[PDB]
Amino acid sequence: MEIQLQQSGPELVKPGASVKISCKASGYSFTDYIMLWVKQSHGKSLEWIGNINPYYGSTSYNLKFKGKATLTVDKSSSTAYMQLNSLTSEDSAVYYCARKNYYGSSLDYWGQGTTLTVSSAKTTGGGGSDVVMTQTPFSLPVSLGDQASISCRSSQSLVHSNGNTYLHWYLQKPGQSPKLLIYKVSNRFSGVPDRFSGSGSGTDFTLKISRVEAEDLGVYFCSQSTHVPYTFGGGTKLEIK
């Protein structure tokens, strides 16, 4: 039945109001996978909001969203929810739900995204000990056919006690939700072509594309899930000259 995460439609709300965004899962056993939520302010990187374990209803939040976002689940309908309260203009963004697996600790399936616009308009549509992910370059212009190489550095080793390194790469095509490309440093996710290859260790990682094709254009994000909270790199936009 192939997995699908279907979110509710775009929202237009007044400042101060609340919104409850839904994420209906189908094609898998809802209570066997953590559901994670991500915020993406227009033109910015991805931000981890929090996770919910549908089996227990237990949650964990990014410190900055704790007290702002409330994650719930309805197991009968296999639906996860995120309510955001006291909305301001800074809450306007695209929010995603995404399934998180255990073997890779990666986000294998993403919802299509829900655009929230906080407005009076009638129509239209910190640091601490967190691991920091730095991507270089910010932007990589090429001619189609060129090879490409982009780097991702972590503020500390991503080697985990169990010996694995939970560093993944995602590709977000213009206007779409991110998609998993490589999980755990060098493993290609299902359907990802051989021209993509991940390498590196510890705090130094690289993604290579031996030959850039049109379908490869977009923004590449690295992320780490070896340490909590989960963190994302700032993004590298791959575009044509």
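The term rigid core refers to the maximal set of C-alpha atoms that superpose within 1.5 Å between the two forms. Don't overthink the numbering: it's just position in the shown sequence, from 1.
In summary, of the stretches 38-46 and 56-64, 38-46 shows the greater Cα distance from the shown form in 4 other deposited structures of this protein, with structures fitted on the rigid core.
With 128-136 and 165-173 as candidates, the stretch whose CA atoms show the greater average offset from this form in 4 other deposited structures of this protein after a core fit is 128-136. Unmodelled deposited residues between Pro137 and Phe138: none, per the record.
When the two stretches 115-123 and 166-174 are set side by side, the higher mean Cα temperature factor goes to 115-123.
Between 217-225 and 13-21, the higher mean Cα B-factor belongs to 13-21.
Per the deposited coordinates, the residue with the largest Cα temperature factor out of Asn62, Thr70, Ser29, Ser210 is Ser210. Out of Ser76, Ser86, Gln83, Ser106, it is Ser76 whose C-alpha atom has the highest B-factor in the PDB entry. In the deposited entry, the Cα temperature factor of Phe205 sits in the middle third of values across the chain's modelled residues. Per the deposited record, the Cα B-factor of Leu238 falls in the lowest third when ranked against the other modelled residues of its chain. Sort the chain's modelled residues by C-alpha temperature factor and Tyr183 lands in the lowest third, per the entry. When the modelled residues of the chain are ordered by their C-alpha B factor, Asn53 lands in the lowest third. In the PDB entry, a CA B factor belonging to the highest third of its chain's modelled residues is recorded for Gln147.
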